[PDB]
file upload12.txt (compact mmCIF, C-alpha atoms and all ligand atoms)
# COMPACT_ATOMS: atom_id res chain seq x y z
CA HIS J 4 9.89 -26.27 3.38
CA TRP J 5 8.49 -22.66 3.13
CA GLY J 6 10.40 -20.13 1.15
CA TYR J 7 10.01 -17.46 -1.46
CA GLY J 8 9.79 -19.44 -4.77
CA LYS J 9 6.92 -20.43 -7.14
CA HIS J 10 6.41 -23.68 -5.26
CA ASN J 11 6.96 -22.76 -1.63
CA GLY J 12 6.53 -18.88 -1.69
CA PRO J 13 3.96 -16.66 0.07
CA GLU J 14 0.85 -17.98 -1.69
CA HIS J 15 1.61 -21.45 -0.29
CA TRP J 16 2.24 -20.57 3.34
CA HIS J 17 -1.31 -20.97 4.46
CA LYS J 18 -1.12 -24.81 4.03
CA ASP J 19 1.46 -25.15 6.83
CA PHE J 20 0.38 -21.96 8.62
CA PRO J 21 -3.34 -21.36 8.49
CA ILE J 22 -2.98 -18.01 10.31
CA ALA J 23 -1.66 -16.78 6.87
CA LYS J 24 -5.29 -15.96 6.12
CA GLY J 25 -5.89 -14.47 9.56
CA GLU J 26 -7.37 -11.27 10.77
CA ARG J 27 -4.19 -9.20 11.38
CA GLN J 28 -1.60 -10.29 8.80
CA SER J 29 1.33 -8.18 7.61
CA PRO J 30 2.52 -6.47 5.61
CA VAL J 31 -0.20 -4.15 4.28
CA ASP J 32 -0.55 -1.37 1.84
CA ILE J 33 -0.47 1.98 3.65
CA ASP J 34 -3.19 4.15 2.17
CA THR J 35 -1.76 7.48 3.19
CA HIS J 36 -5.10 9.13 2.61
CA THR J 37 -7.09 6.86 4.78
CA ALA J 38 -4.49 6.70 7.65
CA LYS J 39 -5.89 8.66 10.57
CA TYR J 40 -3.76 11.31 12.20
CA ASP J 41 -3.74 10.63 15.93
CA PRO J 42 -2.57 13.55 18.13
CA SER J 43 -2.49 11.26 21.20
CA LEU J 44 0.45 9.18 19.70
CA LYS J 45 3.78 10.02 21.37
CA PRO J 46 7.11 10.58 19.62
CA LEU J 47 8.80 7.23 19.04
CA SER J 48 11.71 6.80 21.43
CA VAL J 49 14.70 5.01 19.95
CA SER J 50 17.50 4.37 22.42
CA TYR J 51 20.24 2.56 20.66
CA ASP J 52 23.25 4.25 22.37
CA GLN J 53 24.23 0.99 24.12
CA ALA J 54 23.40 -1.52 21.39
CA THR J 55 25.71 -4.57 21.34
CA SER J 56 25.63 -6.41 18.03
CA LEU J 57 26.97 -10.00 18.14
CA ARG J 58 26.79 -11.90 14.85
CA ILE J 59 25.45 -11.78 11.37
CA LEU J 60 23.83 -14.87 9.93
CA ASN J 61 22.57 -16.05 6.53
CA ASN J 62 19.61 -18.31 7.39
CA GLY J 63 18.71 -19.22 3.93
CA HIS J 64 15.86 -16.65 3.70
CA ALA J 65 17.53 -13.35 4.60
CA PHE J 66 20.41 -12.25 6.79
CA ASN J 67 20.03 -11.39 10.43
CA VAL J 68 22.14 -9.07 12.46
CA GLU J 69 21.69 -10.20 16.15
CA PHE J 70 22.06 -8.14 19.33
CA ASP J 71 22.68 -9.04 22.92
CA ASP J 72 19.26 -8.47 24.46
CA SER J 73 20.06 -9.96 27.93
CA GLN J 74 19.73 -6.47 29.41
CA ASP J 75 18.05 -3.13 28.63
CA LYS J 76 20.61 -1.84 26.17
CA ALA J 77 18.86 -0.94 22.88
CA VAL J 78 15.15 -0.14 23.47
CA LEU J 79 12.15 1.22 21.67
CA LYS J 80 9.39 2.87 23.69
CA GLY J 81 6.74 5.61 23.45
CA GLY J 82 5.18 5.97 20.06
CA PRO J 83 2.07 3.76 20.25
CA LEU J 84 3.75 1.41 22.71
CA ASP J 85 3.30 0.85 26.41
CA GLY J 86 6.33 -0.44 28.22
CA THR J 87 9.74 -1.20 26.80
CA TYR J 88 10.73 -3.24 23.89
CA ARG J 89 14.23 -4.73 23.51
CA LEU J 90 16.03 -4.96 20.14
CA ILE J 91 16.88 -8.52 19.27
CA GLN J 92 17.84 -8.40 15.57
CA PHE J 93 17.48 -6.57 12.31
CA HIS J 94 17.06 -7.96 8.78
CA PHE J 95 15.99 -6.65 5.36
CA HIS J 96 13.72 -7.81 2.49
CA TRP J 97 14.63 -6.75 -1.06
CA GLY J 98 14.01 -7.19 -4.71
CA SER J 99 15.55 -8.61 -7.87
CA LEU J 100 15.10 -5.06 -9.27
CA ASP J 101 14.94 -1.60 -7.71
CA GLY J 102 11.15 -1.31 -8.40
CA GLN J 103 10.27 -3.91 -5.78
CA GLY J 104 11.57 -5.46 -2.56
CA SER J 105 9.58 -3.69 0.28
CA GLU J 106 6.89 -5.67 2.16
CA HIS J 107 4.79 -2.63 3.18
CA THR J 108 3.73 -0.35 0.30
CA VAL J 109 2.63 3.33 0.49
CA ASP J 110 -0.40 4.06 -1.81
CA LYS J 111 0.73 0.91 -3.73
CA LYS J 112 4.33 2.18 -4.16
CA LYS J 113 7.02 -0.51 -3.70
CA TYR J 114 10.42 0.50 -2.37
CA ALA J 115 13.73 -1.21 -3.25
CA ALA J 116 13.94 -2.77 0.16
CA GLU J 117 12.73 -2.68 3.71
CA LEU J 118 14.71 -2.87 6.97
CA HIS J 119 12.98 -4.40 10.00
CA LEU J 120 14.35 -3.84 13.50
CA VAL J 121 12.62 -6.46 15.67
CA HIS J 122 12.05 -5.73 19.41
CA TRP J 123 10.28 -7.72 22.14
CA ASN J 124 8.17 -6.53 25.06
CA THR J 125 10.42 -6.89 28.24
CA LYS J 127 7.23 -7.72 30.36
CA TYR J 128 7.24 -11.22 28.69
CA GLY J 129 10.76 -12.01 29.83
CA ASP J 130 12.05 -13.32 26.53
CA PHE J 131 11.50 -13.28 22.83
CA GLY J 132 10.01 -16.81 22.69
CA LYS J 133 7.33 -15.96 25.19
CA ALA J 134 6.67 -12.48 23.69
CA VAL J 135 5.78 -13.93 20.23
CA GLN J 136 2.91 -15.78 21.84
CA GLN J 137 1.29 -12.51 22.97
CA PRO J 138 -0.82 -10.03 20.97
CA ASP J 139 1.51 -7.16 22.07
CA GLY J 140 4.66 -9.24 22.22
CA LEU J 141 6.71 -7.52 19.49
CA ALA J 142 7.30 -4.00 18.05
CA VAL J 143 8.97 -4.06 14.63
CA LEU J 144 10.26 -0.73 13.26
CA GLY J 145 10.20 -0.83 9.47
CA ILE J 146 12.27 1.61 7.34
CA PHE J 147 12.02 1.79 3.53
CA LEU J 148 15.09 1.84 1.38
CA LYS J 149 15.21 3.60 -1.94
CA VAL J 150 18.11 3.61 -4.32
CA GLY J 151 20.15 6.84 -4.74
CA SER J 152 23.01 8.03 -2.57
CA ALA J 153 24.89 5.48 -0.43
CA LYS J 154 24.01 5.03 3.20
CA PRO J 155 27.41 5.27 4.97
CA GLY J 156 26.13 3.42 8.07
CA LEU J 157 25.08 0.46 6.03
CA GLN J 158 28.49 -0.19 4.48
CA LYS J 159 29.82 -2.28 7.33
CA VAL J 160 26.85 -4.61 6.76
CA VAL J 161 27.33 -4.72 3.03
CA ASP J 162 31.08 -5.45 3.25
CA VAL J 163 30.70 -8.51 5.46
CA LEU J 164 28.10 -10.20 3.17
CA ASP J 165 30.69 -11.94 0.99
CA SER J 166 31.66 -13.92 4.15
CA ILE J 167 28.06 -15.23 4.71
CA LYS J 168 27.13 -15.96 1.11
CA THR J 169 25.20 -19.22 1.56
CA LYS J 170 22.61 -20.63 3.96
CA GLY J 171 23.86 -21.46 7.40
CA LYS J 172 27.02 -19.28 7.26
CA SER J 173 27.58 -16.77 10.02
CA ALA J 174 30.23 -14.26 11.08
CA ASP J 175 31.21 -12.17 14.08
CA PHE J 176 29.61 -8.76 13.85
CA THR J 177 30.38 -6.56 16.83
CA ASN J 178 30.15 -2.85 17.46
CA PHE J 179 27.69 -2.26 14.60
CA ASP J 180 25.63 0.87 15.46
CA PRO J 181 22.04 0.63 14.08
CA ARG J 182 21.50 4.42 14.54
CA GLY J 183 23.45 4.59 11.24
CA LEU J 184 20.40 3.05 9.50
CA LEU J 185 17.69 5.56 10.61
CA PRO J 186 16.42 8.51 8.51
CA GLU J 187 16.18 12.07 10.03
CA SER J 188 12.52 12.01 10.78
CA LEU J 189 10.77 9.57 13.07
CA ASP J 190 7.22 10.24 11.75
CA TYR J 191 5.47 6.90 11.44
CA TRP J 192 2.36 4.95 10.67
CA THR J 193 1.36 2.19 13.05
CA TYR J 194 -1.07 -0.75 12.98
CA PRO J 195 -1.48 -4.14 14.68
CA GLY J 196 -0.11 -6.92 12.48
CA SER J 197 2.03 -10.08 12.36
CA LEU J 198 5.36 -11.64 11.56
CA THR J 199 5.77 -11.51 7.79
CA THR J 200 7.30 -15.00 7.63
CA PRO J 201 5.99 -18.28 9.02
CA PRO J 202 4.88 -18.91 11.85
CA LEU J 203 3.11 -15.68 10.85
CA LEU J 204 2.16 -15.00 14.51
CA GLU J 205 -0.15 -12.12 15.16
CA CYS J 206 2.03 -10.49 17.85
CA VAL J 207 3.42 -7.34 16.20
CA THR J 208 2.82 -3.64 16.68
CA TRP J 209 4.14 -2.35 13.36
CA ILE J 210 5.79 1.03 13.36
CA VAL J 211 6.67 2.03 9.77
CA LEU J 212 8.69 5.27 9.24
CA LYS J 213 7.43 7.65 6.63
CA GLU J 214 10.89 8.84 5.50
CA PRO J 215 12.88 6.21 3.52
CA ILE J 216 16.71 6.06 3.78
CA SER J 217 18.71 6.18 0.53
CA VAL J 218 21.16 3.39 -0.28
CA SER J 219 23.30 3.13 -3.44
CA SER J 220 22.70 0.79 -6.30
CA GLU J 221 26.15 -0.70 -5.40
CA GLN J 222 24.94 -1.43 -1.86
CA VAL J 223 21.67 -3.14 -2.88
CA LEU J 224 23.49 -5.01 -5.62
CA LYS J 225 25.63 -6.64 -2.96
CA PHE J 226 22.44 -7.83 -1.15
CA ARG J 227 21.40 -9.51 -4.43
CA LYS J 228 24.71 -11.45 -4.57
CA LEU J 229 23.73 -13.46 -1.47
CA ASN J 230 22.35 -16.98 -1.89
CA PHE J 231 19.26 -18.85 -0.59
CA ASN J 232 21.02 -22.27 -1.15
CA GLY J 233 23.72 -23.69 1.14
CA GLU J 234 27.46 -23.95 0.13
CA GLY J 235 27.94 -26.59 -2.51
CA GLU J 236 24.37 -26.45 -3.80
CA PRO J 237 23.04 -24.89 -7.07
CA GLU J 238 23.09 -21.08 -6.92
CA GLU J 239 19.72 -19.47 -6.20
CA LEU J 240 20.23 -15.73 -5.76
CA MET J 241 18.64 -14.33 -2.50
CA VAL J 242 16.26 -11.90 -4.14
CA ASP J 243 12.57 -11.07 -3.78
CA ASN J 244 12.39 -12.34 -0.20
CA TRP J 245 9.24 -10.17 0.46
CA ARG J 246 5.73 -11.11 1.37
CA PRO J 247 3.16 -9.06 -0.63
CA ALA J 248 0.56 -6.82 0.95
CA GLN J 249 -2.21 -8.70 2.80
CA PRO J 250 -5.94 -7.71 3.39
CA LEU J 251 -6.20 -4.88 5.89
CA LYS J 252 -9.58 -6.21 7.11
CA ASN J 253 -10.90 -4.88 10.30
CA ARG J 254 -7.87 -2.54 11.10
CA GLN J 255 -7.07 1.13 11.25
CA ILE J 256 -3.65 2.53 10.34
CA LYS J 257 -2.83 5.53 12.53
CA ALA J 258 -0.36 8.33 11.55
CA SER J 259 1.91 10.22 14.00
CA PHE J 260 1.94 13.25 11.77
CA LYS J 261 -0.15 15.85 9.83
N1 LIG H 1 9.64 -9.93 8.81
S1 LIG H 1 9.43 -9.60 10.46
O1 LIG H 1 10.15 -8.41 10.99
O2 LIG H 1 7.99 -9.48 10.72
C1 LIG H 1 9.96 -10.98 11.45
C2 LIG H 1 9.84 -10.81 12.82
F1 LIG H 1 9.36 -9.70 13.31
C3 LIG H 1 10.20 -11.85 13.68
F2 LIG H 1 10.07 -11.64 14.99
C4 LIG H 1 10.66 -13.05 13.17
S2 LIG H 1 11.03 -14.42 14.28
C5 LIG H 1 12.84 -14.65 14.00
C6 LIG H 1 13.76 -13.70 14.83
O3 LIG H 1 15.12 -13.79 14.41
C7 LIG H 1 10.80 -13.20 11.81
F3 LIG H 1 11.25 -14.33 11.30
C8 LIG H 1 10.51 -12.15 10.91
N2 LIG H 1 10.68 -12.36 9.52
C9 LIG H 1 11.89 -12.93 8.98
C10 LIG H 1 12.06 -12.22 7.61
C11 LIG H 1 12.75 -13.08 6.53
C12 LIG H 1 14.01 -13.87 6.79
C13 LIG H 1 14.09 -14.93 7.92
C14 LIG H 1 14.89 -14.25 9.00
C15 LIG H 1 14.07 -13.76 10.19
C16 LIG H 1 13.14 -12.58 9.86
ZN ZN H 2 11.02 -8.63 8.07

call {"tool": "encode", "arguments": {"input": "upload12.txt", "output": "structure tokens", "more": "lines below"}}
Ligand SMILES: NS(=O)(=O)c1c(F)c(F)c(SCCO)c(F)c1NC1CCCCCCC1
Ligand SMILES: [Zn+2]
result
Amino acid sequence: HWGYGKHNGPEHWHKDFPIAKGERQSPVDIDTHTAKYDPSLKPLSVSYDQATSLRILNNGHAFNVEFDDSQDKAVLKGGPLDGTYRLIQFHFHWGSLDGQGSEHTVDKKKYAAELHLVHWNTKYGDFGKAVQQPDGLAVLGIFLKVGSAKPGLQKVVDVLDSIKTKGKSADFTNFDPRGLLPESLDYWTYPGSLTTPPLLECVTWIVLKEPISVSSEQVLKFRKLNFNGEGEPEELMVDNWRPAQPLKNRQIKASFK
């Protein structure tokens, strides 16, 4: 039942998912002035050389690019993390207009979209068990602004026409997610949650400071996707973002300056 509309959208989620009002919900606004520089934070280590993408799927809420995570192929480590976290999928959240679409905000600024690369802590053996643990997941979030095209996104954008409606999927091999990163790996980090139901409080959030640029043509193609399934009334897949939630009793740490 949950979704992103007036009747089932973020302000309703708490009724099925009481943790919506919990103590470590995501996303948040990143107050860049109150984020504490922490010289003990390590460089983030992003090892995507061996990533094996499998499939791309429209689930009715967003689209997911899935990876084979049955061995240590694409991993995130260091940064604020202990251990090794395996990439399982990436997805995006975006707006009906370029002035909104990101879930995290930076001194209240919305970006056109936000990419989330979702990784799970290999000490919990699989993703289902990891989401039940307070350090189960590390999600790397990257802002998108509109300007020049991102060449390494085009393969994603071109296949979207083939997964237009809910439940459609396509083969999606040999996609390299290093094509989606910006130059710098400076980050903020905080303890938070999934941003969609079940809203589990299991995420170490790592949000890059530097956005990537994507073209208006690229983001426009995102907005041509549908929330409905084939042969239902067209509801464009836009504004699939959860707004900033109360920071509460949490500190956002910066890797830089
Ligand atoms: N937004 S997020 O990065 O915190 C996030 C996770 F980290 C998750 F681990 C999950 S669990 C599903 C894994 O495929 C999740 F749904 C989302 N959110 C969903 C966003 C909207 C569209 C539904 C598709 C799955 C991602
Ligand atoms: Zn997300």

call {"tool": "closest_atom_pairs", "arguments": {"input": "upload12.txt", "of": "chain J", "to": "ligand LIG 1 (chain H)", "cutoff": "10 Å", "atoms": "all atoms listed in the file", "output": "CSV"}}
result
residue,atom,partner,partner_atom,distance
J:6,CA,H:LIG1,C12,9.2
J:7,CA,H:LIG1,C11,9.5
J:28,CA,H:LIG1,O2,9.8
J:29,CA,H:LIG1,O2,7.5
J:30,CA,H:LIG1,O2,8.1
J:60,CA,H:LIG1,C14,9.0
J:61,CA,H:LIG1,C14,8.3
J:62,CA,H:LIG1,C14,6.4
J:63,CA,H:LIG1,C13,7.5
J:64,CA,H:LIG1,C12,4.5
J:65,CA,H:LIG1,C12,4.2
J:66,CA,H:LIG1,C14,6.3
J:67,CA,H:LIG1,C14,6.1
J:68,CA,H:LIG1,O3,8.7
J:69,CA,H:LIG1,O3,7.7
J:91,CA,H:LIG1,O3,7.4
J:92,CA,H:LIG1,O3,6.1
J:93,CA,H:LIG1,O1,7.7
J:94,CA,H:LIG1,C16,6.2
J:95,CA,H:LIG1,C10,7.2
J:96,CA,H:LIG1,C11,6.7
J:106,CA,H:LIG1,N1,8.4
J:117,CA,H:LIG1,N1,9.4
J:118,CA,H:LIG1,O1,8.2
J:119,CA,H:LIG1,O1,5.0
J:120,CA,H:LIG1,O1,6.7
J:121,CA,H:LIG1,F1,5.2
J:122,CA,H:LIG1,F2,7.6
J:123,CA,H:LIG1,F2,8.2
J:131,CA,H:LIG1,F2,8.1
J:132,CA,H:LIG1,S2,8.8
J:134,CA,H:LIG1,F2,9.4
J:135,CA,H:LIG1,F2,7.1
J:140,CA,H:LIG1,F2,9.3
J:141,CA,H:LIG1,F2,7.0
J:142,CA,H:LIG1,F1,7.7
J:143,CA,H:LIG1,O1,5.8
J:144,CA,H:LIG1,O1,8.0
J:145,CA,H:LIG1,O1,7.7
J:196,CA,H:LIG1,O2,8.7
J:197,CA,H:LIG1,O2,6.2
J:198,CA,H:LIG1,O2,3.5
J:199,CA,H:LIG1,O2,4.2
J:200,CA,H:LIG1,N2,4.7
J:201,CA,H:LIG1,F3,7.0
J:202,CA,H:LIG1,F3,7.9
J:203,CA,H:LIG1,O2,7.9
J:204,CA,H:LIG1,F2,8.6
J:205,CA,H:LIG1,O2,9.6
J:206,CA,H:LIG1,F2,8.6
J:207,CA,H:LIG1,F1,7.0
J:208,CA,H:LIG1,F1,9.5
J:209,CA,H:LIG1,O2,8.5
J:244,CA,H:LIG1,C11,6.8
J:245,CA,H:LIG1,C11,7.6
J:246,CA,H:LIG1,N1,8.5

call {"tool": "closest_residue", "arguments": {"input": "upload12.txt", "among": "J:16, J:97, J:179, J:88", "to": "residue J:224", "atoms": "all atoms listed in the file"}}
result
J:97

call {"tool": "closest_residue", "arguments": {"input": "upload12.txt", "among": "J:47, J:150, J:241, J:100", "to": "residue J:85", "atoms": "all atoms listed in the file"}}
result
J:47

call {"tool": "atom_distance", "arguments": {"input": "upload12.txt", "atom1": "atom CA of residue J:162", "atom2": "atom CA of residue J:225"}}
result
8.3 Å

call {"tool": "closest_residue", "arguments": {"input": "upload12.txt", "among": "J:252, J:111, J:154, J:172", "to": "residue J:220", "atoms": "all atoms listed in the file"}}
result
J:154

call {"tool": "closest_residue", "arguments": {"input": "upload12.txt", "among": "J:79, J:185, J:240, J:116", "to": "ligand ZN 2 (chain H)", "atoms": "all atoms listed in the file"}}
result
J:116

call {"tool": "closest_residue", "arguments": {"input": "upload12.txt", "among": "J:27, J:4, J:36, J:80", "to": "residue J:49", "atoms": "only C-alpha atoms"}}
result
J:80

call {"tool": "atom_distance", "arguments": {"input": "upload12.txt", "atom1": "atom CA of residue J:76", "atom2": "atom CA of residue J:164"}}
result
25.6 Å

call {"tool": "closest_residue", "arguments": {"input": "upload12.txt", "among": "J:247, J:235, J:13, J:215", "to": "residue J:152", "atoms": "only C-alpha atoms"}}
result
J:215

call {"tool": "atom_distance", "arguments": {"input": "upload12.txt", "atom1": "atom CA of residue J:23", "atom2": "atom CA of residue J:251"}}
result
12.8 Å

call {"tool": "decode", "arguments": {"input": "upload12.txt", "residues": "stretch 189-207 of chain J", "atoms": "N, CA, C and O atoms", "output": "PDB file, in the first residue's frame"}}
result
ATOM      1  N   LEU J 189      36.089  11.981  -3.013  1.00  0.00           N
ATOM      2  CA  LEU J 189      35.380  11.075  -2.117  1.00  0.00           C
ATOM      3  C   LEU J 189      35.200  11.644  -0.693  1.00  0.00           C
ATOM      4  O   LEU J 189      34.966  10.898   0.248  1.00  0.00           O
ATOM      5  N   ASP J 190      35.335  12.968  -0.526  1.00  0.00           N
ATOM      6  CA  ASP J 190      34.982  13.643   0.722  1.00  0.00           C
ATOM      7  C   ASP J 190      33.474  13.417   1.013  1.00  0.00           C
ATOM      8  O   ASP J 190      32.653  13.292   0.105  1.00  0.00           O
ATOM      9  N   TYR J 191      33.182  13.196   2.278  1.00  0.00           N
ATOM     10  CA  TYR J 191      31.879  12.695   2.677  1.00  0.00           C
ATOM     11  C   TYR J 191      31.478  13.237   4.033  1.00  0.00           C
ATOM     12  O   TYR J 191      32.340  13.595   4.852  1.00  0.00           O
ATOM     13  N   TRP J 192      30.167  13.241   4.280  1.00  0.00           N
ATOM     14  CA  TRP J 192      29.601  13.296   5.593  1.00  0.00           C
ATOM     15  C   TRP J 192      29.097  11.919   5.954  1.00  0.00           C
ATOM     16  O   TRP J 192      28.766  11.105   5.068  1.00  0.00           O
ATOM     17  N   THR J 193      29.046  11.616   7.228  1.00  0.00           N
ATOM     18  CA  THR J 193      28.490  10.318   7.620  1.00  0.00           C
ATOM     19  C   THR J 193      27.661  10.427   8.936  1.00  0.00           C
ATOM     20  O   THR J 193      27.973  11.244   9.847  1.00  0.00           O
ATOM     21  N   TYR J 194      26.610   9.621   9.061  1.00  0.00           N
ATOM     22  CA  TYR J 194      25.811   9.620  10.246  1.00  0.00           C
ATOM     23  C   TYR J 194      25.147   8.287  10.261  1.00  0.00           C
ATOM     24  O   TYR J 194      25.121   7.669   9.207  1.00  0.00           O
ATOM     25  N   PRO J 195      24.622   7.858  11.445  1.00  0.00           N
ATOM     26  CA  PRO J 195      23.846   6.638  11.585  1.00  0.00           C
ATOM     27  C   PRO J 195      22.401   6.899  11.251  1.00  0.00           C
ATOM     28  O   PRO J 195      21.841   7.859  11.758  1.00  0.00           O
ATOM     29  N   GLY J 196      21.789   6.074  10.389  1.00  0.00           N
ATOM     30  CA  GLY J 196      20.420   6.433   9.938  1.00  0.00           C
ATOM     31  C   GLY J 196      19.636   5.165   9.575  1.00  0.00           C
ATOM     32  O   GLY J 196      19.899   4.086  10.161  1.00  0.00           O
ATOM     33  N   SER J 197      18.785   5.253   8.577  1.00  0.00           N
ATOM     34  CA  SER J 197      17.861   4.147   8.266  1.00  0.00           C
ATOM     35  C   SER J 197      17.602   3.952   6.775  1.00  0.00           C
ATOM     36  O   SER J 197      18.010   4.794   5.955  1.00  0.00           O
ATOM     37  N   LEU J 198      16.880   2.883   6.398  1.00  0.00           N
ATOM     38  CA  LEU J 198      16.356   2.844   5.078  1.00  0.00           C
ATOM     39  C   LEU J 198      15.453   4.048   4.957  1.00  0.00           C
ATOM     40  O   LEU J 198      14.766   4.398   5.920  1.00  0.00           O
ATOM     41  N   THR J 199      15.424   4.651   3.750  1.00  0.00           N
ATOM     42  CA  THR J 199      14.475   5.723   3.476  1.00  0.00           C
ATOM     43  C   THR J 199      13.125   5.289   2.874  1.00  0.00           C
ATOM     44  O   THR J 199      12.259   6.159   2.531  1.00  0.00           O
ATOM     45  N   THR J 200      12.896   3.984   2.721  1.00  0.00           N
ATOM     46  CA  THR J 200      11.567   3.497   2.410  1.00  0.00           C
ATOM     47  C   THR J 200      11.204   2.414   3.422  1.00  0.00           C
ATOM     48  O   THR J 200      12.127   1.796   4.010  1.00  0.00           O
ATOM     49  N   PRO J 201       9.865   2.226   3.639  1.00  0.00           N
ATOM     50  CA  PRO J 201       9.467   1.106   4.481  1.00  0.00           C
ATOM     51  C   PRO J 201      10.247  -0.189   4.105  1.00  0.00           C
ATOM     52  O   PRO J 201      10.309  -0.530   2.940  1.00  0.00           O
ATOM     53  N   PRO J 202      10.689  -1.001   5.059  1.00  0.00           N
ATOM     54  CA  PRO J 202      10.375  -1.070   6.503  1.00  0.00           C
ATOM     55  C   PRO J 202      11.135  -0.056   7.361  1.00  0.00           C
ATOM     56  O   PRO J 202      10.925  -0.008   8.556  1.00  0.00           O
ATOM     57  N   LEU J 203      11.885   0.848   6.727  1.00  0.00           N
ATOM     58  CA  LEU J 203      12.423   2.006   7.459  1.00  0.00           C
ATOM     59  C   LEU J 203      13.392   1.573   8.596  1.00  0.00           C
ATOM     60  O   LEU J 203      13.569   2.287   9.602  1.00  0.00           O
ATOM     61  N   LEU J 204      14.095   0.453   8.358  1.00  0.00           N
ATOM     62  CA  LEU J 204      14.891  -0.176   9.430  1.00  0.00           C
ATOM     63  C   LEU J 204      16.101   0.677   9.737  1.00  0.00           C
ATOM     64  O   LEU J 204      16.771   1.222   8.829  1.00  0.00           O
ATOM     65  N   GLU J 205      16.399   0.780  11.023  1.00  0.00           N
ATOM     66  CA  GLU J 205      17.493   1.603  11.461  1.00  0.00           C
ATOM     67  C   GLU J 205      18.821   0.851  11.465  1.00  0.00           C
ATOM     68  O   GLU J 205      19.386   0.548  12.516  1.00  0.00           O
ATOM     69  N   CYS J 206      19.335   0.619  10.271  1.00  0.00           N
ATOM     70  CA  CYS J 206      20.464  -0.362  10.060  1.00  0.00           C
ATOM     71  C   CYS J 206      21.537   0.222   9.151  1.00  0.00           C
ATOM     72  O   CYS J 206      22.381  -0.488   8.639  1.00  0.00           O
ATOM     73  N   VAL J 207      21.467   1.517   8.894  1.00  0.00           N
ATOM     74  CA  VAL J 207      22.330   2.134   7.844  1.00  0.00           C
ATOM     75  C   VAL J 207      23.363   3.076   8.402  1.00  0.00           C
ATOM     76  O   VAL J 207      23.056   3.950   9.169  1.00  0.00           O
TER      77      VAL J 207
END
